[PDB]
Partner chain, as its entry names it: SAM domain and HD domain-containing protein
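Form deposited without the partner chain, single chain, as structure tokens, below.
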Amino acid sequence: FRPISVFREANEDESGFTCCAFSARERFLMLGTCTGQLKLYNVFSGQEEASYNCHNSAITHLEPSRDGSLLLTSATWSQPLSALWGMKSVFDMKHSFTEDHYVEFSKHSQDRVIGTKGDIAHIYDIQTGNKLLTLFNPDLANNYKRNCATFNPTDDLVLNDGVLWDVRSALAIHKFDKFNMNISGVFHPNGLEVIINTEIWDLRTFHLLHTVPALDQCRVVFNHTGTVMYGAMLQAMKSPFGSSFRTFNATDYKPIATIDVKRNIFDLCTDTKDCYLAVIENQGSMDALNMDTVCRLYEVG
């Protein structure tokens, strides 16, 4: 972890970066702020290139599309909670998911949007904006406080509230027992495993393959080849995370490093070519009148 770059928000006595994601254009990072703005920064020079007020509440999530034509945002209390934007030449709104507080693109073919409203998931067409599916079964609900519905890498399976759904037939194929309050889980990029908190499950047997205690309460983020795995533990504008992140070998699940930046972490993401890790770290504390986040770029590398 060699530091390469650092910067704060331009013309702000209190920097308010809340989340980050690399743009499709190499050398440029996208950041949400607490004033619900989206900002394009040259990650090396720390120059602000563009800005736009997407919401009147803090950004909690953002996701650029791989072709750089579209972008998802999720705010805090502003209705609409989440929206889809276009960024071909001009920035503009395409659609708005009114009550969905968290949203993701499909992975293989990026033609659909998966939104989360508590325990319920909704799939939407990008072109038309229409609700195609609603995935929810009150009998199989685990009610994870931090549930995030998500597609597998081939877009034919969906994980929501600890239930694996077949999209084609829109039937719940398996329900995973609940062993924590908060984390709902992700697909491994190799699309053979499912990481639900400390438990790694096989998609072919539903057998427990690994117990990883160090992963407890981590929001997990992979590198783009899926050989490395970065976690930020939740706490027990307050940050969702504490001051340490952990790295793991993503094939055998052995720990590699536990960096403690000694500053609460807001978000953490990877470039397409597996050279860099951007991290939003807070110079303030919770009890500080204001946030003061910076963006640190480390090469891994």
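Numbering follows the first chain given and starts at 1.
Omitted here: the form deposited with the partner chain bound. The next part is about that form.
Asks: If we define contact as a non-hydrogen atom of the residue within 4.5 angstroms of the partner, is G46 a contact of the partner chain in the deposited bound form?
Replies: Close contact is absent here: in the deposited bound form, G46 is far from the partner chain, nothing within 4.5 Å, heavy atoms only.
Asks: So in the deposited bound form, does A214 come within 4.5 Å of the partner chain, heavy atom to heavy atom?
Replies: No - in the deposited bound form, heavy atoms of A214 and the partner chain never come within 4.5 Å of each other.
Asks: At the 4.5 Å heavy atom threshold, is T35 in contact with the partner chain in the deposited bound form?
Replies: Judged by the heavy-atom cut-off of 4.5 Å, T35 is in contact with the partner chain in the deposited bound form.
Asks: Given that the partner is absent here, does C54 sit within 4.5 Å of the partner chain in the deposited bound form, heavy atoms only?
Replies: Output for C54 is yes: heavy atoms within 4.5 Å of the partner chain.
Asks: Within 1-37, which residues come within 4.5 Å of the partner chain in the deposited bound form, counting heavy atoms only?
Replies: The stretch touches the partner through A10, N11, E12, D13, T35, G36, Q37.
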